[PDB]
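Engineer: Build me a structure from this.
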Amino acid sequence: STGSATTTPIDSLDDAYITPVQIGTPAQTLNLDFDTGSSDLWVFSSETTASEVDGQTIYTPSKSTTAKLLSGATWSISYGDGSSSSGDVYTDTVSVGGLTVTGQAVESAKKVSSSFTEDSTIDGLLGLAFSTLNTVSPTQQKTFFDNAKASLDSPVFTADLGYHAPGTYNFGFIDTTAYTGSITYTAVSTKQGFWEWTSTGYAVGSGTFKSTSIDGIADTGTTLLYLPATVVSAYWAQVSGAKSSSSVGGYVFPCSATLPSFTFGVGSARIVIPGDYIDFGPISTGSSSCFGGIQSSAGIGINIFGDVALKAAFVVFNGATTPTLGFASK
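Structural biologist: Numbers count the residues shown, from 1 in each chain. Find the structure here:
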């Protein structure tokens, strides 16, 4: 089998991407944030504290004839950005772009933190990291991809995120029309439960490529590109007036600037992030200070190849017996 779904930016800045997902019988369609940095499929629901729902579409398991309460199971997750959610668990039928999993764990939120409530466009998350990170207790549950894998034509999914435009998540096949050149594959460590790999270096604008190993995660659920302070300083040094602002919480730059590109290495291959991808707009409405899309990972504890990086590429998440990651230009 295969599946194919369009993923759409939630706003004009590409702050995140939502993909429609069918849950239950009859189908209840929710718009979920596909997140290769976590491993829980959780949704706003009829069980979510009413004051914490503000415009999201909810899953109502009592209206699904295939929903079953997973007895005694709870979940609770805290994300790197400080947000969190928790609740109980159903199994139900979940379909993405034509691909169907029966008996998928659907984690129903009883509580969500303020940032989730405040974002009316995201009805939940669909985790696509390794199932070892899944928070369900006392019996850990598998991700949608893990459940589908054996049925897929090929045990892979691909992320093709758009810049200020829709893109595609495909399951079970590689669309050879969706990228240019070849796909360069690179090793993955699953030891921390992430799609963790090592970039071979970087360049700023038309500058020379610096060969240096950068360990990080391919994370569709993180907006920005988080890299070591040395790298980030080298980038922003090429932008007149850019500075790290403690009060704002990262590098800011004059909105009048034209940003240089940023290149990262995948083996001997090179992915070029155009400068415009690195502009996240005014820090506050009406400001002429703009927020940068490349930020320091110091104090995160891990480098993160988030959407800023991934959207410059066609990305293969290869779930073969030994997982690997593939990147192509597009």
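
Engineer: what separates stretch 276-288 from the chain centre, distance-wise?
Structural biologist: Distance of stretch 276-288 from the chain centroid (C-alpha atoms, centre = their mean, to the nearest Å) equals 21 Å.

Engineer: And the contacts of it?
Structural biologist: Residues from elsewhere that reach stretch 276-288, judged by C-beta atoms under 8 Å, 6 or more residues apart in numbering: 12-13, 163, 223-225, 248, 252, 254-256, 259, 262, 289-294, 308, 311-312. (Each C-beta comes from the backbone N, C-alpha and C, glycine too.)

Engineer: can you rerun that using 6 Å?
Structural biologist: 13, 163, 248, 252, 255, 259, 289, 290, 291, 293, 294, 308 (C-beta atoms under 6 Å, 6 or more residues apart in numbering).

Engineer: next one: stretch 135-153
Structural biologist: With contacts defined as C-beta under 6 Å, 6+ apart, stretch 135-153 is touched by 1-2, 39-41, 73-77, 89, 99, 101, 104-105, 127-128, 131, 134, 155, 157, 172-173, 319.

Engineer: where exactly do the strands run in the stretch 101-250 of the chain?
Structural biologist: Residue ranges of the strands in the stretch 101-250 of the chain, as given by DSSP state E, counting those that start in this stretch, are 124-127, 156-160, 167-171, 184-187, 196-204, 210-218, 225-227, 243-245, 250-254.

Engineer: So which elements touch the first one?
Structural biologist: The one in question is strand 124-127. Packed against strand 124-127, as judged by 3 or more C-beta pairs under 6 Å, 6 or more residues apart in numbering; DSSP states H and E, are the following elements: strand 28-35, strand 41-43.

Engineer: what's the answer for the fourth one, then?
Structural biologist: In terms of contacts (3+ C-beta pairs under 6 Å, 6+ apart), strand 184-187 is packed against strand 324-328.

Engineer: what sits up against the strand it packs on?
Structural biologist: The contact list for strand 324-328 (C-beta under 6 Å, 6+ apart) reads 179, 183-186, 188, 195, 197, 218, 266, 271, 313-316, 318.

Engineer: now for the contacts of stretch 276-288, which pair is the farthest apart?
Structural biologist: Using C-beta to C-beta, the contacts of stretch 276-288 span at most 23.5 Å, a distance reached by 163 and 248.

Engineer: which residues does residue 294 bridge with?
Structural biologist: Beta bridges link residue 294 to residue 225, judged by DSSP bridges.

Engineer: I'd like the domain boundaries of this structure, if you could list them.
Structural biologist: For the chain, curated CATH domains gives the domain ranges 5-174, 175-330.

Engineer: chain center to the longest one, what's the gap?
Structural biologist: The gap between the average C-alpha position of domain 5-174 and the chain average comes to 12 Å, counting by C-alpha atoms, centre = their mean.

Engineer: what does the shortest one give?
Structural biologist: The offset between the C-alpha centroid of domain 175-330 and the centroid of the whole chain comes to 13 Å, using C-alpha atoms, centre = their mean.

Engineer: what about it, how long is it end to end?
Structural biologist: With C-alpha to C-alpha, to the nearest Å as the measure, the first residue of domain 175-330 is 12 Å from its last.

Engineer: Over to the longest one?
Structural biologist: Counting by C-alpha to C-alpha, the length from the leading to the trailing residue of domain 5-174 is 13 Å.

Engineer: No further questions, thank you.
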